[PDB]
Each structure stands twice: as C-alpha cells, then as structure tokens.
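Below is one structure, written out as structure tokens; the observations come after it.
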Amino acid sequence: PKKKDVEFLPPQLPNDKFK
Amino acid sequence: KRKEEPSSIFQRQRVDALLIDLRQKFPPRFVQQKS
Amino acid sequence: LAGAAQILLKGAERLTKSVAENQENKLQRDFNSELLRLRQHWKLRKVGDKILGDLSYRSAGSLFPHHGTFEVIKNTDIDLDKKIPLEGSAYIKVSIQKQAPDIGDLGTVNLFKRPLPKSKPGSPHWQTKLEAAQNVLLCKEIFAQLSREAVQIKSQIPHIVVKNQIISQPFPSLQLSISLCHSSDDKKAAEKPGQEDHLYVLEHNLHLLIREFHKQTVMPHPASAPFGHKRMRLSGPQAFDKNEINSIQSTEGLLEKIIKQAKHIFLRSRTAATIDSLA
Amino acid sequence: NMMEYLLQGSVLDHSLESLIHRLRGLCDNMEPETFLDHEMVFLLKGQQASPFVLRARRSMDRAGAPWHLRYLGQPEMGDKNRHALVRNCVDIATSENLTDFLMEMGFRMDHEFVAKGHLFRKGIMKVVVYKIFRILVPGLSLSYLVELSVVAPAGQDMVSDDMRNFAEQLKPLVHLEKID
Amino acid sequence: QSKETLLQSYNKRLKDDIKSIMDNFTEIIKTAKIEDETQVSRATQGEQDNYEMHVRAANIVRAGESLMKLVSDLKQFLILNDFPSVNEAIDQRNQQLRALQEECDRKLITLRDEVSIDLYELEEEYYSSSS
Amino acid sequence: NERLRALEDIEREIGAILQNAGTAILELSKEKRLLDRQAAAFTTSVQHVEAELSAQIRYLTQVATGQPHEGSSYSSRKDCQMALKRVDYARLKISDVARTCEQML
Amino acid sequence: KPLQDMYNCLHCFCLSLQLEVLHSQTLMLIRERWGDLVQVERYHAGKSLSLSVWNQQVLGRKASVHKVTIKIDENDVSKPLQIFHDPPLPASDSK
C-alpha cells in the first residue's frame, strides 16, 4: 500500500529566475 | 551532497506534456502487495 | 552584579574576540573583505534576489540577454573566497586547407579541448572563471553574428553553412570555417597543426565586432540636440553624391574577412614569386 | 510631422556633482562630455504680435559644425494625463548663412546671453542641463536649469510614460512643471 | 520605489531597542531594599526579589546584549553601499590599463621598427648569395 | 574610497569598548580614580553610534528604478588583455626564430 | 510480457522526445539563423515531423514545394524513422 491517488504535482520544478 | 539543487531547464520542459501520453496508451497496474 | 558582569563578559568575548580576525591582520574572510573587492573591481550592486551586475556585455551587445546567479557559499578550508557560481570554455581557430566535402571525422578539438595556458601565476580563480564565461559568451555572440551569412548578400561569394561549420570557398586554393568548442564535457594527431593560420588573424575578426558596436553605439552633439549621427547630420552642409550617401554606412562581418584572408593568401602567391626568382 | 516633449526643471548650485554623477549612470553607456553653446535668438514679427521660434542657440565649439535653429512654439491641445508636448520641427542651416538671410529678410536679435552646460544620452529620449552666465554685450540665473528633451513623429506617444519613469529616477530635487 | 525607508526604519527600531535595553537596568533607582518591608513573605518573596534575576534581570540582558552586532551586520550587509555614484578611480583603472597597452603597442611598433631594420639588414644579405 | 573607509571605521567602532565597559565598575566594590568615565559611556556612545549609522544610511541612495551606479561597464580592457596576448605570441615567435637561427648557425 | 513492453514503451517515448527536440531545434534555427528566408511549418500534431525549408522564396522555380518529413506510424522498430522527401536519387553520387 504505497499510494491510492494520482500524483503529478510533487515534481514542481521552480523557476527562481525573475529578471 | 546534492539533495536540494533542482536543475531547472524549462526549454525542453515540453517533455512533461508528452508525459501525459503514456498512461493513456497503457496505464500502470496497482499492486497493493508490498512483498 | 556578578551575574550581570559575567553575562556582559561573555557577550564581549563573543563579539570583540571572535570577530577580531581581520582587525589585527587581513586573513581569509568573505565578511567585508571579499565581496566589496569583486564589486569595486567588476560590477555594481543590484537586487533581483542577490544578483548584482552580471557580465553579459549588455552595454553594447544587443544580441541576447543573460542573467547572473552569483551567490556566496561556505566551506571548511583555508584561504577560500565566496566562489560565486555556458559555464565552459571556447577556442577560435581557422585553417586554410585544400578542400573538404560534407563529411565528418577527427576534426574539431578532441577530448583535449583547447590546450591553453595553465595560468599558474596567482590570480583570483573565481575571476578567471568569470572572464572565461565572458569570453565564451563573446564567442557565442560572434558565431551568432557570423552565422547570419546565408540570408546575407549571396553574390560573388557562394558558400555553404551549417552548425559550427561555415566552410567557404572564396578562391579554390584556401579554406575556411573558423570553429569553436565547449571545454566543459570532460570530467578527466598530426592534422591539428597546419599552415600559418594562427592567433594573428582571428584577433582582427574578434575586434571587428566590438568595433562595429562602438561605431553604432560617441555623443551626437551635432549643434545642440537633434540627436543624430555625426556624418549623417554633417551631410547637409555639402551636396554629397549618392556614392557618399551610400558610403555613410557600409557592410560588415564575414564580408570583411571574406576579403582579408583572401588578400593574405594573395600575398602568399607573390611570396612564391620571390623563390620563383631563384628558380 | 514631428513633435517634442519636455519635463524641464532646476536644481541648486552646490547640488550638481552628486546629481550629475547619478545622471551619468542612468541611460548613458560611458564617456560623459559637455558643450559650450552660443545664443543667436532672433525675432521675426511685426504683423500679428506672434513671432517665430528663432532661438538659434548653437555650439561655439570646433568649427565645421553648422549653427541652426529649431521650431518650438504653439503648444497644441491633447496630452491626456501626460506632460508637456508640442508639435514642432527642426531646421539645419549653413555656416552663418542663416544669420545672413535673416538679416537680409529684415529680422532682429532677441537675446545675448549664453548658457553652457552638460548633456546626457537617454534612450529614445535625451536630457540636458545648463546655467545662465551673467555677461555684458561684449562679454545670471545662478541656477542650473535641466530638461528632458525628446523628439519623435506622431506614432503612439506611449514612450512619454517611459519618460515619466525617468521622473522616478529624478526623485531627490527634480520634478516636472509646465510654463504659463 | 523607496525601499531604503524600510531599512532606515528597521535600523532606527534596532537602535531604539538597544537604547531601551541599556536603560532597562535601572528599576532599582528608587530604593536598595535597606529594610524587609515584605508583609506577605520575606523568605520566598522579599529575599527572592533579586534571586530571580534569570526571569527578571538576565531575561532582558540576553536579548539586550545581542541586537547590537546583529543589527550592525544587518545594516552593513543589507546596505553594502558600494555607491560612489561616479566610480572615481575605477574609470581611472581603465585609463591605467590604457597606458598598459598604449606603451605596449608602441613597444610592438618599436619591435617592428627594429625588426624592419633587421629585415632590411638581411635583404641586401639575401642578394649576396650567388646560388 | 572615502565612503569605504567610513564604513570600515563604523564597522570597527560598532563593537566598541562601551559594550564591554558596562561590567567594570560593578566589580569595583572595594574602592571608589576616574571611575565616572564608566557612566558617560553608557548611552551617549550608543546614541552617537546610532546617529552616525542613520547618517550613513541617509546617503545618495543611487538605486532608484533600475541598475544605476555603474562604472566598469565598458571597453577594450578585454582588447588590452588581447594585446598582452599579442606580446606573448610575439615573444614565442621571436624565441622560435632565435632557435631556428641557432640551428642554422 | 515484461521485456516486450520494456522495449516498446521506451522506444515510443525516446522517438517522441527526439522528434520534439528536433522540432525545437528547427524553431531555434529559424529564430536565429534563417528566419522567413527558408522556413515553413507543416508539423501537424505530434508523432511525426513535417518541415518545409527550401521553397518558392521568389516564385522563380516551379519539386518546388516537396519537402522532407518522417513519422513513427506505430509499426515495428525495424525502421528508425522511415524518413521521406522529394523524389530522391536524382543522381548516382555517394550511393
């Protein structure tokens, strides 16, 4: 029993490149 | 020694859009058996 | 009173005894000794988050923008600066060979990418990395400018051009395609050396770019403030011919070199005449 | 066919060096310079009490550069929520031939005071500063008047807003104002 | 934009807090407890008036003798001016290195000159060989 | 370097002896010299330090909208390094010519 | 069938990403190198490249539009891309 959902958000690659 | 540095690319980030094309062709099979 | 005195003594020992390193003798300390150095030496202060004055030639580039992710870091060592973070290295080389077809072989620089001075003389290593990045960005810019030749004036000089290869045939004697590499993809024969086609040609090509920047960057100051070009405004006082009007501006880039190198090898022909004398 | 804008101002005497230091590193690449001008303001009127813009203030520097006058007058309506703006023009002329033809056409002078100063290249705009000098006929305000000059065709005039951004830069002792 | 206003306000607040901490050690300015006026208890209330300095005296001195250097470093780092606004001698550095190349350039020309002489000094020498 | 020296002096005087002298007279419970000097340096020094800090804070404040206060920003210092490279290559070529001459004679 | 899916999934995935990065490379090149000179986008929707570069820039030539392309077709991995273009082998040089 690892997960009972559908996940795509955890990656969430940030930008932190505001000019 | 590298657990917080997330190398962003955002040029080929289009790959994530292609990511939602494999589970549609064939989805994974849930197991519920942590042997 | 004893407790207050002990607390104040502990505070004084924490403040004026552990921070008196640079007060007695200038030692390794990024605090108030390293950041202002590189600041006064290279750029100015700016705050995106902590990004201040990235070296991108934005003063006269007008080609493409690039920011700078520069930030101090800590590490347990002796004599260690902040070491702020293309990231590689480049090399400019031209070879006037006989000819070459559309083929691929042991051509451009191998794993031994751009053998260059070790730079053993003492200098700031971070500053060396910074100037190397500036150099490789300059190479990127000059290659981007030189690439704009296929859509350029295609007359009296036919030439093929691909990525990193601009091999051209002005005369059926010499060769072309100045190249570049990225000496970053490396964790750890008898064709490289050729005829005299070395440093004292490419320097002109490099300088031509910044010169074209400069020429189209001088204050206008024609009379008070029409804000124009010197020759353009000074044209009026004289009925210059259409030839001079056209000569106000001119072409640049490859074309210049397209003549220059050719001119060079032309002298080489005359050189033969000399020894031909003996013959 | 073209128009010009202005957000002129003034500043104290002692407070120039600190000011121009900032003004240099605003929109100019490098190599700040200056200029010594010469005022040749003329007058062309006598029939409707409305003369022309004959302020032919031109530099008295190295020769070759031709003296001339610019058109600046009759502020037209418009400039909704904007600064000063006037449909204007410009006109170059030969060396001293302009004054020759003005005198042959029956015109007179208007001023005899010269105000040298500094210039600074903005982007789509330009900025200047000068100070009147008290001299006699053969030789005053004691205040360096500054100005933001920019000339362009009709277009969209959106860059005026960008000009207002420069007003943000000129925060300490500079502001904008019209004249009436 | 005016961000230096918040920095000045923070610096003034830090200075005011430091001053108040330096002034907060005079609560015994009215008396020195020459007598035992503790009507409730003199063993645990009157005697412990100074024995509880950890919660009374040492509770304010800790933060009061810490904000000084912290605020100093915060002001020196958040505002590390580096704003001569003219870069007085920095441009001179350019001028400096200008000389560094200028004479150098001349030297090269001088070299050329010498080389040129040497050049000529060999050209006639090339004539002699009757091969 | 006036502002740099002023900032350095202010940093050196931030942790002055006033913060450490507030625990000297309280230990002197056996003799009462110029001990009054331990009183004038209680808050007047801190007040002057705060005043100087506020004064230094209220400087020109160059950064207003974009990236002002430039000053390196510019030209052929790069090409000056390239000229040094020319000097080095000329040295190398002269050395090679001297070696060739030695080999020839 | 563990090995068969292990093959085919990574196969289609890598082919798709390769086509997409080649598309982005063409975009980069027309942004920087050639532009409106020689560039026509025919790529319809995924799974295949459809380029058009050499064409009637001056309407002189009139072949004149036949460009190159490649796809996947969801078929055997025998052919890498099964590229095609205008009538080829108009000569007999370099095979």
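Letters A, B, ... mark the chains of the structure tokens in the order given; residue numbers begin at 1 per chain; ligand numbers begin at 1, in order shown.
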
Please identify all polymer residues within 8 Å of residue 166 (chain C), counting only C-alpha atoms, omitting same-chain residues fewer than 3 positions from it, and present them as a compact mmCIF listing (two decimals) with C-alpha atoms, in the first residue's frame.
```txt
# COMPACT_ATOMS: atom_id res chain seq x y z
CA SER C 147 26.02 32.60 -38.91
CA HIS C 159 29.33 29.36 -49.53
CA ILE C 160 27.75 26.53 -47.56
CA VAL C 161 26.99 26.96 -43.87
CA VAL C 162 25.85 24.56 -41.13
CA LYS C 163 26.03 24.43 -37.33
CA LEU C 176 37.61 28.48 -44.02
CA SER C 177 35.12 27.58 -41.25
CA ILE C 178 36.51 29.09 -38.07
```

Exercise for the section: Output as a PyMOL selection string all residues of region 26-179 of chain D that backbone DSSP marks as alpha helix (DSSP H). Expected result: chain D and resi 97-104+159-169

Each residue of chain D with at least one atom at most 8 Å from chain F should appear once, together with its nearest atom pair and the corresponding distance in Å (one decimal); atoms considered: only C-alpha atoms; ordering: chain, then increasing residue number; output as JSON lines.
```
{"residue": "D:18", "atom": "CA", "partner": "F:60", "partner_atom": "CA", "distance": 7.8}
{"residue": "D:22", "atom": "CA", "partner": "F:69", "partner_atom": "CA", "distance": 6.6}
{"residue": "D:25", "atom": "CA", "partner": "F:68", "partner_atom": "CA", "distance": 5.3}
{"residue": "D:26", "atom": "CA", "partner": "F:68", "partner_atom": "CA", "distance": 5.6}
{"residue": "D:29", "atom": "CA", "partner": "F:74", "partner_atom": "CA", "distance": 7.7}
{"residue": "D:30", "atom": "CA", "partner": "F:74", "partner_atom": "CA", "distance": 7.3}
{"residue": "D:168", "atom": "CA", "partner": "F:65", "partner_atom": "CA", "distance": 6.9}
{"residue": "D:169", "atom": "CA", "partner": "F:64", "partner_atom": "CA", "distance": 5.9}
```

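Going from CA of residue 247 (chain C) over to CA of residue 204 (chain C), you cover 22.1 Å.
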
Practice task
Write out as a ChimeraX atom specification each polymer residue whose atoms come within 9 Å of residue 51 (chain G), counting only C-alpha atoms; drop sequence neighbours fewer than 6 positions from it.
Solution key: /G:23,26,39-43,67-69

Selection above as a file: C-alpha atoms, as a PDB file, in the first residue's frame:
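Heads up, here's the output in selection00.pdb:
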```
ATOM      1  CA  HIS G  23      11.266  20.435 -33.787  1.00  0.00           C
ATOM      2  CA  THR G  26      14.293  23.891 -36.110  1.00  0.00           C
ATOM      3  CA  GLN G  39      11.086  28.180 -43.248  1.00  0.00           C
ATOM      4  CA  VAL G  40       7.559  26.726 -43.414  1.00  0.00           C
ATOM      5  CA  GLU G  41       5.985  24.838 -40.512  1.00  0.00           C
ATOM      6  CA  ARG G  42       4.000  21.784 -41.631  1.00  0.00           C
ATOM      7  CA  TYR G  43       4.167  19.791 -38.369  1.00  0.00           C
ATOM      8  CA  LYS G  67       9.839  18.934 -48.596  1.00  0.00           C
ATOM      9  CA  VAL G  68      11.037  16.207 -46.205  1.00  0.00           C
ATOM     10  CA  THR G  69       9.183  14.525 -43.326  1.00  0.00           C
TER      11      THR G  69
END
```

Practice task
List the neighbours of region 1-4 of chain B out to 12 Å using only C-alpha atoms; skip same-chain residues closer than 4 positions along the sequence, and give me the result as an MDAnalysis selection string.
Solution key: (chainID A and resid 13:14) or (chainID B and resid 8)

Keeping N, CA and C atoms for every residue in the selection just given, could you write it to a file as a PDB file, in the first residue's frame?
```pdb
ATOM      1  N   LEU A  13       8.962  21.777 -10.512  1.00  0.00           N
ATOM      2  CA  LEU A  13      10.245  22.392 -10.832  1.00  0.00           C
ATOM      3  C   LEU A  13      10.117  23.907 -10.756  1.00  0.00           C
ATOM      4  N   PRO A  14      10.788  24.573  -9.810  1.00  0.00           N
ATOM      5  CA  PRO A  14      10.619  26.025  -9.669  1.00  0.00           C
ATOM      6  C   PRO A  14      11.352  26.812 -10.743  1.00  0.00           C
TER       7      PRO A  14
ATOM      8  N   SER B   8      16.758  23.403 -13.071  1.00  0.00           N
ATOM      9  CA  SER B   8      15.644  23.687 -13.963  1.00  0.00           C
ATOM     10  C   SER B   8      16.138  23.878 -15.392  1.00  0.00           C
TER      11      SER B   8
END
```

Problem - Point-to-point distance from CA of residue 214 (chain C) to CA of residue 254 (chain C), Å rounded to tenths - result: 17.9 Å

Handout entry: Contact residues around region 19-34 of chain B with only C-alpha atoms at 8 Å, ignoring same-chain residues under 3 positions, as a list in words
Key =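 Result of the neighbour search: residues 1 and 2 of chain A; 15 and 16 of chain B; 9 and 13 of chain G.
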
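Relative to CA of residue 81 (chain C), CA of residue 28 (chain C) is found at 7.4 Å.
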
Exercise for the section: Can you list, as an MDAnalysis selection string, all residues belonging to region 55-138 of chain D that DSSP tags as strand (DSSP E or B)? Expected result: chainID D and resid 55 58:59 68:71 84:92 108:109 117:120 126:130

Could you write out the selected residues, including C-alpha atoms, as a short mmCIF file (atom, residue, chain, number, x, y, z; two decimals), in the first residue's frame?
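Result file follows (part-v5.cif):
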```cif
data_model
loop_
_atom_site.label_atom_id
_atom_site.label_comp_id
_atom_site.auth_asym_id
_atom_site.auth_seq_id
_atom_site.Cartn_x
_atom_site.Cartn_y
_atom_site.Cartn_z
CA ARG D 55 16.26 80.76 -30.76
CA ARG D 58 24.17 76.64 -31.35
CA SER D 59 27.54 75.49 -30.06
CA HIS D 68 20.91 76.41 -36.79
CA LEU D 69 17.52 76.97 -35.14
CA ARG D 70 14.69 74.66 -34.14
CA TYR D 71 10.92 75.08 -34.19
CA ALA D 84 4.38 68.97 -21.88
CA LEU D 85 4.15 68.20 -25.60
CA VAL D 86 4.21 70.36 -28.73
CA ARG D 87 4.07 69.60 -32.45
CA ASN D 88 7.39 71.01 -33.64
CA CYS D 89 10.15 70.63 -36.22
CA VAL D 90 13.86 71.25 -36.81
CA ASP D 91 15.94 73.00 -39.46
CA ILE D 92 19.68 72.93 -40.12
CA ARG D 108 16.42 91.39 -35.38
CA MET D 109 18.03 89.62 -32.45
CA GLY D 117 26.20 73.00 -19.52
CA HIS D 118 26.14 69.23 -19.84
CA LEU D 119 24.28 66.65 -21.92
CA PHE D 120 23.37 63.02 -21.30
CA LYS D 126 17.78 62.82 -24.19
CA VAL D 127 18.49 65.05 -21.19
CA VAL D 128 20.35 68.36 -20.88
CA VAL D 129 21.31 70.84 -18.16
CA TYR D 130 22.70 74.37 -18.37
#
```

Handout entry: Shell around residue 91 (chain C) at 7 Å using only C-alpha atoms, local window under 4 positions removed, as a list in words
Key = residues 114, 180 and 181 of chain C

Handout entry: Proximal residues of chain G relative to chain B (only C-alpha atoms; 9 Å) as a PyMOL selection string
Key = chain G and resi 9+13+16-17+20-21+24
